[PDB]
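Structure first, then comments.
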Amino acid sequence: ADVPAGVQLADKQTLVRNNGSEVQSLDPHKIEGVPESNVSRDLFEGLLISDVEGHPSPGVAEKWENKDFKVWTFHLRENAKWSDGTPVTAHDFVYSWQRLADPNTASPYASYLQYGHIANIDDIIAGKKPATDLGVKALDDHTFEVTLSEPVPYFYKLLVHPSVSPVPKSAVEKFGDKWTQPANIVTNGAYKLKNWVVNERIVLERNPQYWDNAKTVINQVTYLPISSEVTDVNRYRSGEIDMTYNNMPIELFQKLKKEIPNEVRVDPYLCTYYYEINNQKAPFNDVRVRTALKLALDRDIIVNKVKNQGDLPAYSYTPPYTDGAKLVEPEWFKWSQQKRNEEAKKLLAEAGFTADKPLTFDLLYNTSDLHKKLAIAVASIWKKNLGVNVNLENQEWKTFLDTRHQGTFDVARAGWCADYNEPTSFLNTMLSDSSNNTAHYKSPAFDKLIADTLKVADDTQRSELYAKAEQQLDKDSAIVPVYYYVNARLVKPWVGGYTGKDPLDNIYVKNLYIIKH
Ligand SMILES: [U]
Ligand SMILES: [U]
Ligand SMILES: [U]
Ligand SMILES: [U]
Ligand SMILES: [U]
Ligand SMILES: [U]
Ligand SMILES: [U]
Ligand SMILES: [U]
């Protein structure tokens, strides 16, 4: 943390953050979500990290070079250490990226290595080559070299993500799935795991072996798994929570804005809220049905009437303010809702649905006040506007993500937040073979457009192909865009160091501090 001159620090430097749900895991290769990543940044540090405003910055690597954007060489700081006092080396990264690529690990982020185009990754994911053929090597203990199959000018931006953090081989090998328990875990971030009570709390304590430990101010942070946004706000206002999770409740937000304006942080956020359609399950494999659901949803009502938290109505998957996004707003978004409703009803009748035989399906969401209230409003709107019947189902976060990967659903509430600020951080998740494709969308034309983005050496041509890829997704109605999120949360006045400037919201508790109050 960088404490400003004259700030008086509190005697006790402890922090309580709500984290939205129980984490899937603490293993960097087994996670895919925001809650998971929130805890992961405090425990495991990759090559680069985000600074307090979100800029890619030195992590374990203190400096790096690239040759033609294809060979990237990272110089690891000599004092980087794990919490057991042993050095973090380039060998740790070689093992870790291999474990990520290895199909036996079944990481949800195995494709992150395809997004960066690390040599031989396609064959490794397919089982054609062993994970040891991955295009990474330790040139010495403090030098990690990555070789890509084509120039990727933004490659380094990918490296602040948890999937490319190191994991301790000896703990993984000796303890297997229990390597993340407090007694067994080894970590190289600013914190160490002290306690993990499932569905109660995760408690982290400062790691004295962290290379930049002298700048760490918070001594202990607790992450809570509260999925009720109303409850989160309640325990923040009671004094227990210092920073809520950034999912705000419809019940109280209007009131909070007027009651505690200075505590309500509302900043840009590169995330899109949408209804994910299972594209491989009839009748959702018919474009007419998917298009009807997309058009009959009234975003103005959801965004401005039912939620009204500053969100913008969405017409694409990639947020239009992503660095590199130059998207074409489709004609259907400019129409009136009445015109969208007629078009929707017309495609539905063409797909064989009648009043006698209506379209009935499930709408899966993860437990939450926000998601439930939004799903109830969406069910009503689709019933009223299009004649479809929806059966709402809630699941806890970890189960919900597994259900979407399994494909055991019809429509699911969904939200993707950028991992790096560039349109492919969204677009690559819709590739046919992406480990993150929970839409189960497979379009050879979409795949080709993205493939072509690294075959040109022009950002103008790249941006045009990204727009065309969004247009292909849209013409196929792969998803139902709802709104672009804003990052809205409550932060006590005494919590210093949270700028709200990073649109990826990659917060590190090592950057924060408690002002005397
Ligand atoms: U004190
Ligand atoms: U106190
Ligand atoms: U650049
Ligand atoms: U940029
Ligand atoms: U269903
Ligand atoms: U509620
Ligand atoms: U460039
Ligand atoms: U106090």
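To be explicit about the labels: the chains of the structure tokens are called A, B, and onward in the order shown, and within each one the residues are counted from 1, while ligands get numbers from 1 in the order they are shown.
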
DSSP helix (DSSP H, G or I) selection over range 94-140 of chain A, as a PyMOL selection string: chain A and resi 94-101+103-105+112-115+121-126+131-133

Next, write the just-selected residues to a file, as a CSV table (one decimal), in the first residue's frame, keeping N, CA, C and O atoms as the atom set.
chain,number,residue,atom,x,y,z
A,94,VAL,N,6.9,-23.3,-14.8
A,94,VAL,CA,6.9,-24.3,-15.8
A,94,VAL,C,5.9,-25.4,-15.3
A,94,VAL,O,5.1,-25.8,-16.1
A,95,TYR,N,6.1,-25.8,-14.1
A,95,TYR,CA,5.2,-26.9,-13.6
A,95,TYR,C,3.7,-26.4,-13.7
A,95,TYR,O,2.8,-27.2,-14.0
A,96,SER,N,3.6,-25.2,-13.1
A,96,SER,CA,2.2,-24.7,-13.0
A,96,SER,C,1.5,-24.5,-14.3
A,96,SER,O,0.3,-24.9,-14.5
A,97,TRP,N,2.1,-23.9,-15.4
A,97,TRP,CA,1.4,-23.7,-16.6
A,97,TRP,C,1.2,-25.1,-17.3
A,97,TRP,O,0.2,-25.3,-18.0
A,98,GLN,N,2.2,-26.1,-17.0
A,98,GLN,CA,1.9,-27.4,-17.6
A,98,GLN,C,0.7,-28.0,-16.9
A,98,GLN,O,-0.1,-28.7,-17.5
A,99,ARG,N,0.5,-27.8,-15.6
A,99,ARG,CA,-0.6,-28.4,-14.8
A,99,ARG,C,-1.9,-27.8,-15.4
A,99,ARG,O,-2.9,-28.5,-15.6
A,100,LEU,N,-1.9,-26.5,-15.6
A,100,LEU,CA,-3.0,-25.8,-16.2
A,100,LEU,C,-3.4,-26.5,-17.6
A,100,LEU,O,-4.6,-26.7,-17.8
A,101,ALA,N,-2.4,-26.7,-18.5
A,101,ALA,CA,-2.7,-27.3,-19.8
A,101,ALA,C,-3.2,-28.7,-19.8
A,101,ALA,O,-3.9,-29.1,-20.7
A,103,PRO,N,-5.0,-32.0,-19.5
A,103,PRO,CA,-6.4,-32.4,-19.5
A,103,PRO,C,-6.8,-33.1,-18.2
A,103,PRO,O,-7.9,-32.9,-17.7
A,104,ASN,N,-5.9,-33.8,-17.5
A,104,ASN,CA,-6.2,-34.5,-16.3
A,104,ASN,C,-6.5,-33.5,-15.2
A,104,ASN,O,-7.2,-33.8,-14.2
A,105,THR,N,-6.1,-32.2,-15.3
A,105,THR,CA,-6.4,-31.2,-14.3
A,105,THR,C,-7.8,-30.7,-14.5
A,105,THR,O,-8.4,-30.2,-13.6
A,112,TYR,N,-7.1,-20.7,-21.3
A,112,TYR,CA,-6.4,-19.4,-21.1
A,112,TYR,C,-5.1,-19.5,-21.9
A,112,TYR,O,-4.6,-18.5,-22.5
A,113,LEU,N,-4.5,-20.7,-21.9
A,113,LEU,CA,-3.2,-20.9,-22.7
A,113,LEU,C,-3.4,-20.8,-24.2
A,113,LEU,O,-2.5,-20.4,-24.9
A,114,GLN,N,-4.6,-21.1,-24.7
A,114,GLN,CA,-5.0,-21.0,-26.1
A,114,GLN,C,-5.2,-19.5,-26.4
A,114,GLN,O,-4.8,-18.9,-27.4
A,115,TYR,N,-5.8,-18.8,-25.4
A,115,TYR,CA,-6.0,-17.3,-25.6
A,115,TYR,C,-4.7,-16.6,-25.8
A,115,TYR,O,-4.6,-15.6,-26.5
A,121,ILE,N,-0.3,-25.8,-27.3
A,121,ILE,CA,-1.4,-25.9,-26.4
A,121,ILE,C,-2.6,-26.7,-27.0
A,121,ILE,O,-3.2,-27.5,-26.2
A,122,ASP,N,-3.0,-26.5,-28.2
A,122,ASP,CA,-4.1,-27.3,-28.8
A,122,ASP,C,-3.9,-28.8,-28.7
A,122,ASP,O,-4.8,-29.5,-28.2
A,123,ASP,N,-2.8,-29.3,-29.1
A,123,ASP,CA,-2.4,-30.7,-29.0
A,123,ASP,C,-2.4,-31.3,-27.6
A,123,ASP,O,-2.7,-32.4,-27.3
A,124,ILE,N,-1.9,-30.4,-26.6
A,124,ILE,CA,-1.9,-30.8,-25.2
A,124,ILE,C,-3.4,-30.9,-24.7
A,124,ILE,O,-3.7,-31.9,-24.1
A,125,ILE,N,-4.2,-29.9,-25.0
A,125,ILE,CA,-5.6,-30.0,-24.5
A,125,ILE,C,-6.3,-31.3,-25.1
A,125,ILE,O,-7.1,-31.9,-24.4
A,126,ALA,N,-6.0,-31.6,-26.4
A,126,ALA,CA,-6.6,-32.7,-27.0
A,126,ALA,C,-6.0,-34.1,-26.7
A,126,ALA,O,-6.5,-35.1,-27.1
A,131,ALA,N,1.8,-32.7,-21.6
A,131,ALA,CA,1.8,-31.3,-21.1
A,131,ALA,C,3.2,-30.7,-21.0
A,131,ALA,O,3.5,-29.5,-21.1
A,132,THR,N,4.3,-31.6,-21.0
A,132,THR,CA,5.7,-31.2,-21.0
A,132,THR,C,6.1,-30.6,-22.3
A,132,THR,O,7.1,-30.0,-22.4
A,133,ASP,N,5.3,-30.8,-23.4
A,133,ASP,CA,5.6,-30.2,-24.6
A,133,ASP,C,5.2,-28.7,-24.7
A,133,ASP,O,5.4,-28.0,-25.6

Within 7 Å of range 491-503 of chain A, counting only C-alpha atoms, which residues qualify if same-chain residues fewer than 3 places away don't, as a list in words? residues 52, 53, 54, 242, 243, 244, 263, 264, 265, 267, 268, 269, 270, 506, 511, 512, 513, 514, 515, 516 and 517 of chain A

Just C-alpha atoms for this one: save the residues we selected as a compact mmCIF listing (two decimals), in the first residue's frame.
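Generated file (again.txt):
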# COMPACT_ATOMS: atom_id res chain seq x y z
CA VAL A 52 -3.89 0.11 -7.73
CA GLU A 53 -5.40 1.61 -10.90
CA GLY A 54 -5.36 -1.68 -12.82
CA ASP A 242 -15.96 -2.91 5.69
CA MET A 243 -16.45 -3.48 1.95
CA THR A 244 -19.54 -5.19 0.48
CA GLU A 263 -19.87 5.28 0.82
CA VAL A 264 -21.56 4.21 -2.42
CA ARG A 265 -18.78 3.68 -4.98
CA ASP A 267 -17.31 2.88 -11.22
CA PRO A 268 -16.83 1.55 -14.73
CA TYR A 269 -16.72 -2.25 -14.92
CA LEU A 270 -15.90 -4.48 -17.88
CA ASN A 506 -8.46 -6.57 -9.61
CA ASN A 511 -2.73 -2.11 -1.39
CA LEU A 512 -5.38 -1.08 1.17
CA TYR A 513 -5.12 0.49 4.65
CA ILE A 514 -7.41 1.43 7.54
CA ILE A 515 -7.54 5.13 8.41
CA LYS A 516 -7.96 5.99 12.10
CA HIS A 517 -11.65 6.41 12.91

DSSP-assigned strand (DSSP E or B) among range 70-269 of chain A, expressed as a VMD selection string: chain A and resid 71 to 76 81 87 118 136 to 140 143 to 148 191 to 197 201 to 206 220 to 224 243 264 to 269

Restricting the output to N, CA and C atoms, write the selected residues as a short mmCIF file (atom, residue, chain, number, x, y, z; two decimals), in the first residue's frame.
data_model
loop_
_atom_site.label_atom_id
_atom_site.label_comp_id
_atom_site.auth_asym_id
_atom_site.auth_seq_id
_atom_site.Cartn_x
_atom_site.Cartn_y
_atom_site.Cartn_z
N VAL A 71 8.23 -14.40 -28.49
CA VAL A 71 9.03 -15.01 -27.42
C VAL A 71 9.11 -13.96 -26.31
N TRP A 72 8.56 -14.30 -25.15
CA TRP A 72 8.50 -13.40 -24.01
C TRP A 72 9.39 -13.93 -22.91
N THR A 73 10.28 -13.05 -22.42
CA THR A 73 11.25 -13.46 -21.41
C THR A 73 11.04 -12.66 -20.15
N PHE A 74 10.75 -13.41 -19.08
CA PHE A 74 10.49 -12.76 -17.79
C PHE A 74 11.63 -12.95 -16.81
N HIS A 75 12.11 -11.87 -16.26
CA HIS A 75 13.19 -11.88 -15.28
C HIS A 75 12.59 -11.84 -13.89
N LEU A 76 12.65 -12.96 -13.18
CA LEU A 76 12.04 -13.05 -11.87
C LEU A 76 12.92 -12.46 -10.78
N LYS A 81 9.56 -15.25 -2.68
CA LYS A 81 9.52 -16.47 -1.89
C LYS A 81 8.09 -16.94 -1.63
N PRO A 87 12.38 -20.24 -2.28
CA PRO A 87 12.30 -19.34 -3.40
C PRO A 87 11.20 -19.66 -4.40
N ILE A 118 0.18 -20.06 -26.44
CA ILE A 118 1.40 -20.70 -26.02
C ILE A 118 1.60 -21.93 -26.94
N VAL A 136 6.86 -23.37 -22.75
CA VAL A 136 7.41 -22.64 -21.65
C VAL A 136 8.74 -23.31 -21.22
N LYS A 137 9.71 -22.51 -20.78
CA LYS A 137 10.89 -23.17 -20.17
C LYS A 137 11.55 -22.27 -19.15
N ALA A 138 12.23 -22.84 -18.16
CA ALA A 138 13.01 -22.06 -17.20
C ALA A 138 14.44 -22.02 -17.79
N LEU A 139 14.91 -20.82 -18.14
CA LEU A 139 16.28 -20.74 -18.69
C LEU A 139 17.30 -20.82 -17.57
N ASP A 140 16.86 -20.49 -16.37
CA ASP A 140 17.59 -20.61 -15.11
C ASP A 140 16.54 -20.48 -14.01
N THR A 143 14.54 -17.05 -14.59
CA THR A 143 14.19 -16.57 -15.93
C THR A 143 13.20 -17.52 -16.58
N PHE A 144 11.99 -16.99 -16.83
CA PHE A 144 10.93 -17.82 -17.41
C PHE A 144 10.69 -17.38 -18.83
N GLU A 145 10.78 -18.30 -19.80
CA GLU A 145 10.60 -17.97 -21.21
C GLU A 145 9.40 -18.68 -21.83
N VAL A 146 8.55 -17.87 -22.44
CA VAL A 146 7.32 -18.33 -23.06
C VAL A 146 7.40 -18.15 -24.57
N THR A 147 7.04 -19.21 -25.29
CA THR A 147 7.07 -19.10 -26.76
C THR A 147 5.66 -19.27 -27.30
N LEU A 148 5.19 -18.34 -28.09
CA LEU A 148 3.86 -18.40 -28.67
C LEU A 148 3.92 -18.86 -30.12
N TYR A 191 -0.50 -12.54 1.41
CA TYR A 191 -1.18 -13.19 2.51
C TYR A 191 -1.02 -14.71 2.50
N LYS A 192 -1.36 -15.32 3.63
CA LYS A 192 -1.32 -16.75 3.84
C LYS A 192 -2.71 -17.16 4.30
N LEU A 193 -3.08 -18.43 4.09
CA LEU A 193 -4.43 -18.80 4.57
C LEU A 193 -4.37 -19.14 6.06
N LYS A 194 -5.16 -18.48 6.89
CA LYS A 194 -5.22 -18.83 8.31
C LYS A 194 -6.36 -19.78 8.60
N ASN A 195 -7.58 -19.47 8.15
CA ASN A 195 -8.74 -20.29 8.45
C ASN A 195 -9.67 -20.37 7.23
N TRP A 196 -10.33 -21.51 7.06
CA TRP A 196 -11.28 -21.67 5.97
C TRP A 196 -12.43 -22.52 6.54
N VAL A 197 -13.51 -21.84 6.88
CA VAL A 197 -14.73 -22.43 7.42
C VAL A 197 -15.78 -22.34 6.28
N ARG A 201 -16.49 -18.33 6.67
CA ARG A 201 -15.48 -17.30 6.43
C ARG A 201 -14.15 -17.89 5.97
N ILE A 202 -13.39 -17.08 5.24
CA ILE A 202 -12.02 -17.34 4.87
C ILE A 202 -11.17 -16.26 5.56
N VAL A 203 -10.17 -16.65 6.33
CA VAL A 203 -9.39 -15.59 7.01
C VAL A 203 -7.95 -15.66 6.54
N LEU A 204 -7.42 -14.58 5.99
CA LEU A 204 -6.06 -14.48 5.50
C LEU A 204 -5.21 -13.63 6.47
N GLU A 205 -3.95 -14.03 6.63
CA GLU A 205 -3.06 -13.25 7.49
C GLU A 205 -1.81 -12.94 6.66
N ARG A 206 -1.23 -11.79 6.97
CA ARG A 206 -0.05 -11.33 6.23
C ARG A 206 1.05 -12.38 6.14
N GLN A 220 -4.72 -8.70 8.53
CA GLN A 220 -5.66 -9.80 8.39
C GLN A 220 -6.88 -9.32 7.61
N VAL A 221 -7.28 -10.13 6.65
CA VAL A 221 -8.53 -9.83 5.92
C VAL A 221 -9.40 -11.09 6.01
N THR A 222 -10.69 -10.88 6.21
CA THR A 222 -11.66 -11.96 6.25
C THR A 222 -12.58 -11.79 5.03
N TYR A 223 -12.78 -12.87 4.30
CA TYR A 223 -13.69 -12.88 3.15
C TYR A 223 -14.91 -13.72 3.54
N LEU A 224 -16.09 -13.15 3.38
CA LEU A 224 -17.33 -13.82 3.75
C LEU A 224 -18.06 -14.28 2.49
N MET A 243 -16.23 -3.66 3.37
CA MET A 243 -16.45 -3.48 1.95
C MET A 243 -17.46 -4.54 1.50
N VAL A 264 -21.08 4.93 -1.27
CA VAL A 264 -21.56 4.21 -2.42
C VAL A 264 -20.59 4.50 -3.58
N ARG A 265 -19.76 3.53 -3.89
CA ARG A 265 -18.78 3.68 -4.98
C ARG A 265 -19.40 3.11 -6.24
N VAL A 266 -19.43 3.87 -7.34
CA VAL A 266 -20.03 3.36 -8.57
C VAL A 266 -19.03 3.66 -9.68
N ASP A 267 -18.34 2.66 -10.19
CA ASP A 267 -17.31 2.88 -11.22
C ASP A 267 -17.47 1.99 -12.43
N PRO A 268 -16.77 2.33 -13.52
CA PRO A 268 -16.83 1.55 -14.73
C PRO A 268 -16.40 0.10 -14.48
N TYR A 269 -17.05 -0.82 -15.18
CA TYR A 269 -16.72 -2.25 -14.92
C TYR A 269 -16.88 -3.01 -16.21
#

One decimal, in Å: what's the spacing between CA of residue 91 in chain A and CA of residue 55 in chain A? 26.2 Å

I'd like to know which of A:471, A:391, A:428, A:437 is closest to ligand 5, using only C-alpha atoms and all ligand atoms. A:391

I need the residue nearest residue 412 in chain A from this list: A:467, A:314, A:480, A:427. Use only C-alpha atoms for the distance. A:480

List all protein, DNA and RNA residues that have at least one atom no more than 10 Å from any atom of ligand 4, counting only C-alpha atoms and all ligand atoms, and write them as a PyMOL selection string. chain A and resi 154+322-324+421-422

Excluding same-chain residues fewer than 3 positions from range 298-305 of chain A, what lies within 8 Å of it counting only C-alpha atoms, as a PDB file with N, CA, C and O atoms, in the first residue's frame?
ATOM      1  N   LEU A 295     -35.015 -10.567 -28.345  1.00  0.00           N
ATOM      2  CA  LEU A 295     -35.821  -9.406 -28.699  1.00  0.00           C
ATOM      3  C   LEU A 295     -36.952  -9.084 -27.752  1.00  0.00           C
ATOM      4  O   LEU A 295     -37.200  -7.904 -27.455  1.00  0.00           O
ATOM      5  N   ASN A 308     -32.402  -0.048 -12.054  1.00  0.00           N
ATOM      6  CA  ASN A 308     -32.014   1.350 -11.949  1.00  0.00           C
ATOM      7  C   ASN A 308     -30.810   1.639 -11.058  1.00  0.00           C
ATOM      8  O   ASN A 308     -30.884   2.406 -10.094  1.00  0.00           O
ATOM      9  N   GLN A 309     -29.663   1.036 -11.364  1.00  0.00           N
ATOM     10  CA  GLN A 309     -28.438   1.209 -10.603  1.00  0.00           C
ATOM     11  C   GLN A 309     -27.314   1.810 -11.438  1.00  0.00           C
ATOM     12  O   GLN A 309     -26.154   1.789 -11.010  1.00  0.00           O
ATOM     13  N   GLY A 310     -27.647   2.372 -12.599  1.00  0.00           N
ATOM     14  CA  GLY A 310     -26.649   2.959 -13.478  1.00  0.00           C
ATOM     15  C   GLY A 310     -26.151   2.032 -14.581  1.00  0.00           C
ATOM     16  O   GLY A 310     -25.221   2.385 -15.327  1.00  0.00           O
ATOM     17  N   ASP A 311     -26.744   0.845 -14.703  1.00  0.00           N
ATOM     18  CA  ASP A 311     -26.341  -0.105 -15.732  1.00  0.00           C
ATOM     19  C   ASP A 311     -26.801   0.382 -17.101  1.00  0.00           C
ATOM     20  O   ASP A 311     -27.769   1.111 -17.161  1.00  0.00           O
ATOM     21  N   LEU A 312     -26.076   0.015 -18.150  1.00  0.00           N
ATOM     22  CA  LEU A 312     -26.445   0.415 -19.502  1.00  0.00           C
ATOM     23  C   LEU A 312     -27.047  -0.766 -20.232  1.00  0.00           C
ATOM     24  O   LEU A 312     -26.504  -1.879 -20.166  1.00  0.00           O
ATOM     25  N   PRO A 313     -28.144  -0.586 -20.939  1.00  0.00           N
ATOM     26  CA  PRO A 313     -28.747  -1.654 -21.748  1.00  0.00           C
ATOM     27  C   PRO A 313     -27.745  -2.188 -22.743  1.00  0.00           C
ATOM     28  O   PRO A 313     -27.040  -1.470 -23.448  1.00  0.00           O
ATOM     29  N   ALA A 314     -27.658  -3.517 -22.858  1.00  0.00           N
ATOM     30  CA  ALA A 314     -26.676  -4.190 -23.664  1.00  0.00           C
ATOM     31  C   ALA A 314     -27.192  -4.783 -24.963  1.00  0.00           C
ATOM     32  O   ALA A 314     -28.305  -5.277 -25.002  1.00  0.00           O
ATOM     33  N   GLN A 337     -39.774  -1.243 -28.318  1.00  0.00           N
ATOM     34  CA  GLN A 337     -40.006  -2.583 -27.748  1.00  0.00           C
ATOM     35  C   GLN A 337     -41.185  -3.280 -28.405  1.00  0.00           C
ATOM     36  O   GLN A 337     -41.224  -4.500 -28.609  1.00  0.00           O
ATOM     37  N   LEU A 374     -34.411 -10.008 -10.606  1.00  0.00           N
ATOM     38  CA  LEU A 374     -34.284  -9.898 -12.047  1.00  0.00           C
ATOM     39  C   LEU A 374     -34.880 -11.079 -12.810  1.00  0.00           C
ATOM     40  O   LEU A 374     -35.561 -10.844 -13.829  1.00  0.00           O
ATOM     41  N   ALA A 377     -38.699 -10.691 -12.830  1.00  0.00           N
ATOM     42  CA  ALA A 377     -39.090  -9.647 -13.765  1.00  0.00           C
ATOM     43  C   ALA A 377     -38.958 -10.124 -15.198  1.00  0.00           C
ATOM     44  O   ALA A 377     -39.857  -9.876 -16.010  1.00  0.00           O
ATOM     45  N   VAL A 378     -37.884 -10.831 -15.528  1.00  0.00           N
ATOM     46  CA  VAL A 378     -37.679 -11.370 -16.865  1.00  0.00           C
ATOM     47  C   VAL A 378     -38.722 -12.432 -17.181  1.00  0.00           C
ATOM     48  O   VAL A 378     -39.247 -12.496 -18.298  1.00  0.00           O
ATOM     49  N   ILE A 381     -41.901 -10.477 -17.974  1.00  0.00           N
ATOM     50  CA  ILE A 381     -41.752  -9.806 -19.267  1.00  0.00           C
ATOM     51  C   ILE A 381     -41.862 -10.773 -20.426  1.00  0.00           C
ATOM     52  O   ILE A 381     -42.507 -10.481 -21.438  1.00  0.00           O
ATOM     53  N   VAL A 482     -28.165  -8.428 -21.585  1.00  0.00           N
ATOM     54  CA  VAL A 482     -29.115  -7.656 -20.780  1.00  0.00           C
ATOM     55  C   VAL A 482     -28.582  -6.265 -20.470  1.00  0.00           C
ATOM     56  O   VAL A 482     -29.154  -5.234 -20.853  1.00  0.00           O
ATOM     57  N   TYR A 483     -27.468  -6.183 -19.727  1.00  0.00           N
ATOM     58  CA  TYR A 483     -26.928  -4.832 -19.435  1.00  0.00           C
ATOM     59  C   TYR A 483     -25.426  -4.909 -19.189  1.00  0.00           C
ATOM     60  O   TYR A 483     -24.908  -5.997 -18.918  1.00  0.00           O
TER      61      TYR A 483
END

How would you report the residues lying within 6 Å of ligand 5, as a ChimeraX atom specification, if you count only C-alpha atoms and all ligand atoms? /A:361-362,410

Take the selection from the previous step and output its residues with N, CA, C and O atoms, as a PDB file, in the first residue's frame.
ATOM      1  N   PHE A 361     -39.726 -23.466 -20.360  1.00  0.00           N
ATOM      2  CA  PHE A 361     -38.352 -23.864 -20.067  1.00  0.00           C
ATOM      3  C   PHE A 361     -37.849 -23.303 -18.730  1.00  0.00           C
ATOM      4  O   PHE A 361     -38.499 -22.551 -18.031  1.00  0.00           O
ATOM      5  N   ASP A 362     -36.673 -23.790 -18.318  1.00  0.00           N
ATOM      6  CA  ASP A 362     -36.101 -23.378 -17.048  1.00  0.00           C
ATOM      7  C   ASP A 362     -35.195 -22.159 -17.140  1.00  0.00           C
ATOM      8  O   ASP A 362     -34.528 -21.965 -18.145  1.00  0.00           O
ATOM      9  N   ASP A 410     -31.363 -25.106 -19.704  1.00  0.00           N
ATOM     10  CA  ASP A 410     -32.058 -24.481 -20.815  1.00  0.00           C
ATOM     11  C   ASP A 410     -31.516 -23.069 -20.983  1.00  0.00           C
ATOM     12  O   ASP A 410     -30.781 -22.778 -21.925  1.00  0.00           O
TER      13      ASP A 410
END

Nearest to residue 396 in chain A: which of A:364, A:325, A:355, A:10 is it, counting only C-alpha atoms?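 Closest to residue 396 in chain A, using only C-alpha atoms: A:364.
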
Closest to ligand 8 among A:232, A:459, A:384, A:12, using only C-alpha atoms and all ligand atoms? A:12

What's around range 28-36 of chain A at 9 Å? Count only C-alpha atoms, leave out sequence neighbours fewer than 3 positions away in its own chain, and write the answer as a PyMOL selection string. chain A and resi 19-25+39-41+44+96+99-100+105-110+162-167+225+245+401+416-417+436

Could you please extract the residues within 10 Å of ligand 6, counting only C-alpha atoms and all ligand atoms, and hand them back as a PyMOL selection string? chain A and resi 228-231+249-252+368-370+372-373

Would you write out those residues with N, CA, C and O atoms, as a PDB file, in the first residue's frame?
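Saved the output as out-v4.pdb:
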ATOM      1  N   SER A 228     -26.701 -13.129  -0.309  1.00  0.00           N
ATOM      2  CA  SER A 228     -27.788 -12.175  -0.212  1.00  0.00           C
ATOM      3  C   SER A 228     -27.204 -10.757  -0.167  1.00  0.00           C
ATOM      4  O   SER A 228     -26.505 -10.359   0.772  1.00  0.00           O
ATOM      5  N   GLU A 229     -27.481  -9.965  -1.203  1.00  0.00           N
ATOM      6  CA  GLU A 229     -26.973  -8.587  -1.254  1.00  0.00           C
ATOM      7  C   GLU A 229     -27.592  -7.706  -0.159  1.00  0.00           C
ATOM      8  O   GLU A 229     -26.945  -6.793   0.348  1.00  0.00           O
ATOM      9  N   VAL A 230     -28.843  -7.984   0.203  1.00  0.00           N
ATOM     10  CA  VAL A 230     -29.516  -7.270   1.293  1.00  0.00           C
ATOM     11  C   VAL A 230     -28.785  -7.527   2.597  1.00  0.00           C
ATOM     12  O   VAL A 230     -28.426  -6.618   3.357  1.00  0.00           O
ATOM     13  N   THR A 231     -28.471  -8.790   2.872  1.00  0.00           N
ATOM     14  CA  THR A 231     -27.725  -9.191   4.068  1.00  0.00           C
ATOM     15  C   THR A 231     -26.338  -8.570   4.097  1.00  0.00           C
ATOM     16  O   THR A 231     -25.864  -8.079   5.140  1.00  0.00           O
ATOM     17  N   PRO A 249     -28.356  -4.909  -3.905  1.00  0.00           N
ATOM     18  CA  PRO A 249     -29.746  -5.323  -3.808  1.00  0.00           C
ATOM     19  C   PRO A 249     -30.758  -4.299  -4.309  1.00  0.00           C
ATOM     20  O   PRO A 249     -30.651  -3.119  -3.945  1.00  0.00           O
ATOM     21  N   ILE A 250     -31.801  -4.784  -4.968  1.00  0.00           N
ATOM     22  CA  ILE A 250     -32.844  -3.877  -5.470  1.00  0.00           C
ATOM     23  C   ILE A 250     -33.620  -3.309  -4.297  1.00  0.00           C
ATOM     24  O   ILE A 250     -34.084  -2.175  -4.377  1.00  0.00           O
ATOM     25  N   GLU A 251     -33.773  -4.073  -3.212  1.00  0.00           N
ATOM     26  CA  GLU A 251     -34.546  -3.628  -2.079  1.00  0.00           C
ATOM     27  C   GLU A 251     -34.118  -2.321  -1.438  1.00  0.00           C
ATOM     28  O   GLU A 251     -34.955  -1.569  -0.910  1.00  0.00           O
ATOM     29  N   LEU A 252     -32.809  -2.124  -1.319  1.00  0.00           N
ATOM     30  CA  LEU A 252     -32.252  -1.002  -0.572  1.00  0.00           C
ATOM     31  C   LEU A 252     -31.421   0.036  -1.303  1.00  0.00           C
ATOM     32  O   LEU A 252     -31.151   1.102  -0.744  1.00  0.00           O
ATOM     33  N   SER A 368     -29.329 -15.418  -4.935  1.00  0.00           N
ATOM     34  CA  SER A 368     -29.008 -14.009  -4.850  1.00  0.00           C
ATOM     35  C   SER A 368     -30.281 -13.161  -4.852  1.00  0.00           C
ATOM     36  O   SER A 368     -31.151 -13.478  -5.668  1.00  0.00           O
ATOM     37  N   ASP A 369     -30.305 -12.069  -4.095  1.00  0.00           N
ATOM     38  CA  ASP A 369     -31.510 -11.233  -4.129  1.00  0.00           C
ATOM     39  C   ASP A 369     -31.659 -10.614  -5.505  1.00  0.00           C
ATOM     40  O   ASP A 369     -32.732 -10.586  -6.086  1.00  0.00           O
ATOM     41  N   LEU A 370     -30.551 -10.039  -5.973  1.00  0.00           N
ATOM     42  CA  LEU A 370     -30.509  -9.410  -7.273  1.00  0.00           C
ATOM     43  C   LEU A 370     -30.962 -10.353  -8.392  1.00  0.00           C
ATOM     44  O   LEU A 370     -31.853  -9.974  -9.180  1.00  0.00           O
ATOM     45  N   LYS A 372     -32.524 -13.225  -8.307  1.00  0.00           N
ATOM     46  CA  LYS A 372     -33.904 -13.712  -8.202  1.00  0.00           C
ATOM     47  C   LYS A 372     -34.888 -12.625  -8.657  1.00  0.00           C
ATOM     48  O   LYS A 372     -35.765 -12.932  -9.483  1.00  0.00           O
ATOM     49  N   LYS A 373     -34.726 -11.412  -8.120  1.00  0.00           N
ATOM     50  CA  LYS A 373     -35.667 -10.328  -8.522  1.00  0.00           C
ATOM     51  C   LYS A 373     -35.616 -10.052 -10.014  1.00  0.00           C
ATOM     52  O   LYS A 373     -36.645  -9.873 -10.693  1.00  0.00           O
TER      53      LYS A 373
END
